[PDB]
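Single-structure report; data block below.
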Amino acid sequence: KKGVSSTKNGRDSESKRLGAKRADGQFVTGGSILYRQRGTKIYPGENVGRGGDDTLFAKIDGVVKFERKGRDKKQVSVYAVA
Amino acid sequence: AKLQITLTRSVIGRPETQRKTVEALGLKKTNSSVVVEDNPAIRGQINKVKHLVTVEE
RNA sequence: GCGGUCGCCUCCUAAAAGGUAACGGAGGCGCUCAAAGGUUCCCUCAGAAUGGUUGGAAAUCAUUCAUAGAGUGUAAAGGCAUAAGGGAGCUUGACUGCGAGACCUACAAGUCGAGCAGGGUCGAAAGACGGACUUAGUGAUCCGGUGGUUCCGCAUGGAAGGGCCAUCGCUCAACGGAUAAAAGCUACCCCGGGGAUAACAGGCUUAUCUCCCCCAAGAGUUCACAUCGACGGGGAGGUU
RNA sequence: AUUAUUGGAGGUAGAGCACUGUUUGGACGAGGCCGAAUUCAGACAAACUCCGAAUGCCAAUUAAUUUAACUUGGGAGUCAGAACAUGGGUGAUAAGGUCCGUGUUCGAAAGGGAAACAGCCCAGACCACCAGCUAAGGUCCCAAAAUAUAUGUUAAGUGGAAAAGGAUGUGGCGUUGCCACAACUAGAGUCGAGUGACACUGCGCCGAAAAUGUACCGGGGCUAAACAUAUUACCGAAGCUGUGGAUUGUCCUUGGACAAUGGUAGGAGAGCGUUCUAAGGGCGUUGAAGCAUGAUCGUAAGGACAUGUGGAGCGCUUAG
RNA sequence: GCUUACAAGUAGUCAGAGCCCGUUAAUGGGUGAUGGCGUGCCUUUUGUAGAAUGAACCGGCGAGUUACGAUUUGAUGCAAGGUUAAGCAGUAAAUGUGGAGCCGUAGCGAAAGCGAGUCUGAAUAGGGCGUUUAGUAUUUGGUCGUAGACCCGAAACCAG
RNA sequence: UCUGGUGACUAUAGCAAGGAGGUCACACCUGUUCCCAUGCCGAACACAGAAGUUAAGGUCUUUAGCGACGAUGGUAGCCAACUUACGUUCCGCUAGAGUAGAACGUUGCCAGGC
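These protein sequences, in sequence, are chains L and G.
Numbering-wise (the numbering used here), the first sequence opens with residue 1 and increments by one.
Numbering-wise (the numbering used here), the second sequence opens with residue 83 and increments by one.
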């Protein structure tokens with residue numbers, strides 16, 4: 001019944017939909033998106049490139065391949081095979 | 083090399099996943115049988131939707 | 001009702017794809033920078049003690065233990081010794097016209113992109129650059145004002161004026177913005193509705209409330225179990 | 001769409017102390033009577049990770065089954081949800097509380113069991129029958145089917161409603177040890193036959209007080225008609241089978257089929273009857289329309305035909 | 001005519017003696033000693049036997065319509081074409097006559113403009129919308145727009 | 001086949017001790033006379049030369065004490081499933097981390113004086 005002492009909270013922001021966008025072993029187009037994330041969780045490998053410090057995209061057609069780089073770091077690649 | 087499953091239970095009250103598998107085999111209504119060949123992909127289908135049908139021969 | 005909030009950014013809840021609520025738990029933004037921007041070189045973190053006017057255990061450069069426990073202009077997470085961290089020269093790409101394809105998504109928006117022409121800075125060069133390590137730092141349309149303004153300018157041509165192209169100013173923070181001109185009281189109140197929603201009684205629940213135990217600390221000079229009853233624990237009742 | 005073999009993305013349950021923060025102590029340095037930080041063992045974490053499943057998700061251009069799927073247009077309704085079982089937040093590991101996540105049922109679902117009980121268990125009604133086999137739950141009487149068989153457990157009516165505790169309760173699991181222990185006594189000697197702590201138990205006992213009337217086995221009643229197992233037999237639904245018929249959509253390309261037929265808001269299709277008009281052909285004082293009664297005909301809305309009352313109009317076929 | 005004074009009842013329905021009947025002639029009709037099963041109807045709801053709303057009973061009356069447009073579907077006529085309006089001589093005959101007009105056969109761009117291509121602009125390059133052409137007149141069904149627009153009902157405002 | 005040089009592997013590839021050899025080739029070694037240049041001192045950044053040496057590095061061989069990879073047997077957790085009221089328990093699948101016994105002082109790619 002009594003006007004309460006209110007809440008010093010309540011704020012948040014819209015989610016960005018990060019993660020993988022193309023599956024390993026499937027065929028693509030030149031220029032398609034493969035992953036979206038802050039910082040380089042998965043490095044760009046063969047015939048792929050990093051955009052503006054994110055969006056690892058493909059540069060030529062073919063099939064994608066996820067792989068390990070050194071000991072603890074991964075990478076993505078595309079091969080021309082048809 | 084030849085099996086014949088038989089629905090001995092109802093498919094009402096279970097999840098949709100099992101409902102699809104039951105129709106995937108060919109079983110329609112209750113107390114129904116279907117003779118098919120024994121394959122590795124058939125044994126795994128009856129293993130998922132178990133305690134509902136009866137395998138023999 | 002009073003009070004506090006209303007937009008955008010980061011994390012936890014969120015159950016190893018994405019998405020996911022509450023007046024759930026924590027912090028931030030309404031910028032700043034000619035350099036903290038582009039290019040070519042060059043270098044390297046903490047918590048560690050040495051005994052050095054002086055010492056403020058810490059005012060110094062070393063030296064070695066130094067594994068990122070450091071530093072990033074700004075909160076938080078994800079990243080980085082390619083250093084994305086620390087300096088040095090040169091310069092203005094913080095360029096014009098385009099862009100196959102894809103992510104997100106009710107819609108309006110929003111995000112990334114090989115490469116194609118033109119002109120250039122940097123480097124011997126291969127090459128690299130369409131603003132700051134990444135994600136916040138604004139707000140449609142209408143109207144009004146400015147300049148260049150291969151278009152229509154109406155009986156002909158001039159011609160205020162409209163239109164394409166490029167800028168500028170309010171304030172819409174209740175931040176998808178009712179007309180960018182908006183305070184109260186009804187104990188005389190009136191109509192349309194609702195147990196979708198309060199006051200009385202019923203039902204569920206038992207924090208508090210009233211009992212009953214459990215351990216017994218303490219009170220009786222003896223006798224913790226005559227009696228009182230410290231904290232703590234376990235139940236019952238539905239009469240506050 | 002599901003399944004079998006394979007590839008990949010990720011950081012939860014659980015673990016762990018290798019970073020961050022927080023702790024308990026034993027030996028550990030840090031004044032002139034008792035300290036910073038550290039060190040060998042360790043402990044805790046929604047905003048701590050050197051680690052890390054099951055399940056789900058995206059691809060597989062891989063076989064076996066199965067029957068959807070996408071694009072454009074016509075027409076919609078919905079924006080108050082609820083309980084049960086799990087995974088969390090919030091509150092008081094309070095609520096038939098409240099907000100999200102994954103399923104099923106109700107909503108829009110009849111039938112059988114839970115004594116009566118939208119959400120719990122079993123199962124999805126096209127219609128006829130005085131046919132048969134089963135599911136959950138059951139078999140002394142009310143009330144369909146065993147007063148069945150074999151083995152144990154239980155003396156409370158436990159079954160047929162709560163806890164910390166308490167104890168010379170106990171059937172099973174191991175001890176421990178006197179060859180004394182029940183009548184000895186220190187606050188020493190015999191005679192004759194079982195004694196106990198402890199440990200895991202399974203079933204009991206006490207803890208247990210409420211207002212109209214026995215008063216939660218549903219009632220009578222039960223020492224098995226209770227509990228834990230085993231095997232059987234039989235009963236039990238509108239589930240399945242047998243026999244005849246109706247509609248579909250298929251199919252084959254004339255009737256055997258193949259399947260299918262709960263339903264609210266809604267979408268689609270085929271029909272019945274009422275008043276008037278047109279054309280053709282009809283009925284009527286030898287009695288029209290209306291009204292009353294009847295044991296008749298069609299899958300439904302409905303349609304004929306006799307008989308009584310009534311005294312002047314009214315049907316049928318095709319179309320509007 | 002048949003039935004009823006030991007009985008607990010949404011009044012029915014399934015089975016079933018006895019006592020009377022005799023039809024649209026058929027595995028007929030009326031009455032009901034006993035037995036099993038069973039909490040009306042409409043509205044509004046997560047949920048109603050509800051102690052939530054409405055109706056005493058019976059009869060008569062009482063709620064998606066028409067005019068002009070837009071879009072889509074079926075039907076028919078002609079087909080790169082299709083078709084008329086107001087009129088005028090006529091059974092208020094709705095068949096003749098009437099070619100102002102309307103849609104389609106070619107789009108793209110703010111426009112001037114060019115045209116199977118056009119704008120883009122420094123770009124014929126890459127892209128956007130086009131090109132491969134079936135439509136049209138009347139009528140039938142579905143929905144929508146402007147009118148009161150499915151029907152009934154307010155507190156109140158203004159004029160004389 | 002030894003060393004020097006390029007390109008694969010999850011530190012099995014290590015830091016912690018040492019052992020022993022040579023300068024064919026990596027090294028310690030001379031200064032600013034020059035190319036470049038430390039806002040700071042040619043130790044890094046450069047030059048001509050090497051009379052002098054093998055410590056160290058460098059390479060093998062030793063230490064499983066120093067740390068990762070860590071095959072089984074279990075077990076927590078979990079997906080179905082039948083029960084009961086769950087902080088459970090039974091029944092089927094997949095079964096971890098940590099703990100051991102271990103492997104453990106890299107397999108090579110392709111060239112140069114041989």
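Note that beta-carbon positions come from the ideal geometry of N, C-alpha and C, so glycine has one too.
When you compare each of G:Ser114, G:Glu98, G:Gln127 to G:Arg91 by their alpha carbons, which one comes out closest? The residue with the shortest Cα to Cα distance from G:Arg91 is G:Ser114.
Residues in its own chain within less than 6 Å of L:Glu67 by CB, not counting five upstream and five downstream? Excluding sequence neighbours, L:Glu67 sits near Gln75.
Three-way DSSP call (helix, strand, coil) for L:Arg36 in this model: Residue state for L:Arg36 is assigned as strand, using DSSP reduced to three classes.
Output the boundary residues of the alpha helix (DSSP H) element that contains G:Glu98. That run of the alpha helix (DSSP H) goes 98 to 107.
Whole-number beta carbon distance between L:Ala58 and L:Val81, since they are thought to touch under 8 Å: At roughly 14 Å, the Cβ-Cβ gap does not stay under 8 Å, so L:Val81 and L:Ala58 are not in contact.
Could you tell me how far apart the beta carbons of G:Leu107 and G:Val116 are, in whole angstroms, since I believe they sit closer than 8 Å? In this structure, G:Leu107 and G:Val116 form a Cβ contact; the two beta carbons are roughly 7 Å apart against a cut-off of 8 Å.
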